[PDB]
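K.L.:
Sharing a structure with you now.
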Ligand SMILES: O=C(O)c1cc2c(c3c1c([N+](=O)[O-])cc1ccccc13)OCO2
Ligand SMILES: O=C(O)c1cc2c(c3c1c([N+](=O)[O-])cc1ccccc13)OCO2
Ligand SMILES: CCCCCCCCCCCCCC(=O)O
Ligand SMILES: CCCCCCCCCCCCCC(=O)O
Ligand SMILES: CCCCCCCCCCCCCC(=O)O
Ligand SMILES: CCCCCCCCCCCCCC(=O)O
Ligand SMILES: CCCCCCCCCCCCCC(=O)O
Ligand SMILES: CCCCCCCCCCCCCC(=O)O
């Protein structure tokens, strides 16, 4: 178009345009105050309106990258605040934009965002809704500078809905706080999955990513032909390749192009896309990314015909090995939306290993005739793991389920920092409560998506301050093998029990007046420390100390001299436990 800024303004609408301009500036200029950014947005928006009124007005024909770069280089504090980044202004495009991307700071060292009191938030929301929400959008964007801006805008709108509902409700905090907890977790997860996809693309390569995409789209679009799934896989891998490079505009265009193609070819792809494809440009690709699986065709044949029984297996394989393997994955994935993607990838890797070995024998058919028997234990392992864990979760409930995992995992990797052991076990308990509520058919995909997040949260923390060779091995192995590796960890036999420390197991009256969450973490922290000191304690011995501890807290909270009860009966609890263990 003659004026790309006018085209964006008309396509997005003013409100959306202004919010995305704020995010973009915040993600590049992560240290400038909110008020500086608001002025930039207003200036850009007033310029944009000139172009909408006259596409041939001055500078309206300039590229969005040129205009955006020119505006960054007008920031007066650019060299004093960002130093080296101000030298990108001496360059011409496209080198100037590439230079700017290189100086995005993923660890900007900003203070943690403190959640205000419910009444305080609801009052700010009423008195200045836009400043309240937009400031938070700026705070989140500068802290997550690679977070795809449209999706950040989508979260902002869900927050707005939470505040308009709950701030006019009788019990505001009971309404609002769980909504903010759930939204924060979702945003954390979404951010983590974006980073995970890019990290995996670079380490393991384009081929491995295309395999993941073949499985993902085949489950989603089971009625589409292989050739159509494979075309979509190529474009999706290009979308993620570009998007991981970090250029928002290039990422947005590539995504809009794929959404446009998908929506123009619904009849060849899926019957679930009609609603997404009626949505505005801004939301189309995100809607499609989250579309529900289409219903699979009825009476699909067994895979044994084309992949086991046919005389042409090795011939078809050797002609074009990745196309044949992609076809195997497509046929398996479309039939099993109830599998994790990595499970489907394990089956493809198993089939490939068998074909490489067998097609070289004189009688390949005999060699690979039982290959579908090798899939059975691979399928059953996560299936059984899900059944066992969900049944234990129903028996124990979320808190006690977290403590079951806390003990188990402290014993396997006692060297991990106690805060990390608590957070990971807590989050894994949340995966149980979320996914176990699903029917069996959807449990394993649910578990995979949330475990990907939790386990990479563990890996990156460990990466920063490593402690255990076994955790680094599971974190650096095949992502397809990441979950089985963590599951195969055994109790650390060579761990030297940590030395007793008195104040670690000293408790005060503050525990009674703490929030339920902080009291849970306080107790979970001490349970980890208990196992790190007595790693060989049996489950009976541990339950007894936990039962003793529970009596000690409820007796000393109702005590009228609370402080001395906690000290006196605490010395008793510790001395009794030190003899009931070891
Ligand atoms: O934990 C935070 O600091 C945090 C606090 C928050 C959030 C988010 C947060 C994060 N995070 O993990 O940084 C990611 C997010 C990703 C998308 C959307 C929102 C958030 O929106 C309101 O208060
Ligand atoms: O990668 C995925 O999980 C994903 C899965 C998908 C997709 C898309 C996906 C993504 N993504 O990045 O999420 C972006 C997209 C952008 C434009 C069009 C489609 C998609 O359409 C169906 O299955
Ligand atoms: C993309 C996010 C846009 C706005 C999100 C914040 C809206 C106000 C709620 C912030 C309160 C703190 C949230 C928290 O710490 O859990
Ligand atoms: C200088 C960049 C900010 C102004 C232009 C931002 C345009 C973002 C496009 C958002 C629409 C994406 C559509 C999609 O994801 O499919
Ligand atoms: C569209 C190309 C599909 C190619 C299929 C490759 C064969 C499937 C095996 C997948 C192995 C992935 C390696 C890994 O990440 O562990
Ligand atoms: C409490 C943990 C969540 C519920 C049980 C999950 C079962 C283990 C993982 C299942 C499969 C994950 C993806 C995979 O490895 O194939
Ligand atoms: C925090 C360091 C220890 C991390 C322990 C690995 C977590 C195991 C994930 C594998 C599936 C979890 C469900 C299960 O307990 O079987
Ligand atoms: C040497 C150990 C001294 C005794 C201290 C016991 C600390 C164990 C904390 C038990 C936490 C589990 C209780 C709960 O979650 O309700």
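K.L.:
Estimate the FRET efficiency between residue 70 and residue 174 by the formula 1/(1 + (r/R0)^6), using the beta-carbon distance for r and 51 Å for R0, to the nearest 0.05.
P.N.:
In this case the efficiency is close to 0.55.
K.L.:
Determine, for 11, 235, 267, the number of other Cβ atoms within 10 Å of each Cβ, and report the residues in order from fewest to most.
P.N.:
Sorted ascending by nearby Cβ count, the order is 267, 11, 235.
K.L.:
May I ask you to compute the full-extension gain from residue 515 to residue 548, defined as 0.36 nm times their residue separation minus their alpha-carbon distance, rounded to one decimal in nm?
P.N.:
9.7 nm
K.L.:
Return, ordered by residue number, the residues of the range 410-427 whose backbone nitrogen is under 16 Å from a label point located 7 Å along Cα→Cβ of residue 491.
P.N.:
410-415
K.L.:
Another question, if that's okay. Any idea how far the Cα center of the range 248-302 sits from the one of the range 128-190, in Å?
P.N.:
Using only Cα atoms, the two centres lie 26 Å from each other.
K.L.:
Sorted by average packing, counted as other Cβ atoms within 10 angstrom per residue and highest first, what order do 221-230, 337-346, 187-196 take?
P.N.:
Order by mean packing, descending: 337-346, 221-230, 187-196.
K.L.:
Going by how many other Cβ atoms sit within 10 Å of their own, how do 425, 487, 433 line up, fewest first?
P.N.:
487, 433, 425
K.L.:
I'd like the distance separating the alpha-carbon centroids of the range 373-404 and the range 500-517, in whole Å.
P.N.:
First find each Cα centre; the distance between them is then 32 Å.
K.L.:
Something else about it: Sort 418, 353, 465, 494 so the one with the fewest other Cβ atoms within 10 Å of its own Cβ comes first.
P.N.:
Going from sparsest to densest Cβ surroundings: 494, 465, 353, 418.
K.L.:
Starting from the Cα of residue 227, step 7 Å along the direction of its Cβ; do the same at residue 185; then give the gap between the two resulting points in nm.
P.N.:
4.6 nm
K.L.:
Taking 41 Å as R0, compute the FRET efficiency from the Cβ-Cβ separation of residue 508 and residue 463 and round it to 0.05.
P.N.:
0.70
K.L.:
How far apart, in nanometres, would the label points at residue 90 and residue 14 be if each is projected 7 angstrom from Cα along the Cα-to-Cβ direction?
P.N.:
Each label point lies 7 Å from its Cα, and together they span 4.2 nm.
K.L.:
Find the all-direction average of the projected area of the Cα convex hull for the range 451-552, expressing the result in square nanometres with one decimal place.
P.N.:
8.4 nm²
K.L.:
While we're on this one: Compute the separation of the alpha-carbon centres of the range 46-61 and the range 414-437 and state it in Å as a whole number.
P.N.:
Result: 53 Å between the Cα centres.
K.L.:
Cα convex hull of the chain: how many Å³ per residue?
P.N.:
Hull volume over Cα atoms, normalised by residue count, gives 207 Å³.
K.L.:
Related question: Tell me, what is the FRET efficiency for residue 576 and residue 110 to the nearest 0.05, using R0 = 45 angstrom and their Cβ-Cβ distance as r?
P.N.:
Efficiency, from the Cβ-Cβ distance: 0.45.
K.L.:
Quick check: pseudo-label points 7 Å beyond the Cα along Cα→Cβ at residue 433 and residue 476, how many nm apart are they?
P.N.:
3.6 nm
Values quoted throughout were computed directly from the atomic coordinates according to the rules given, and no laboratory measurement underlies them. Because the Cβ atoms are built from the backbone with ideal geometry, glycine has one as well, and the counts that use them run over all protein chains shown.
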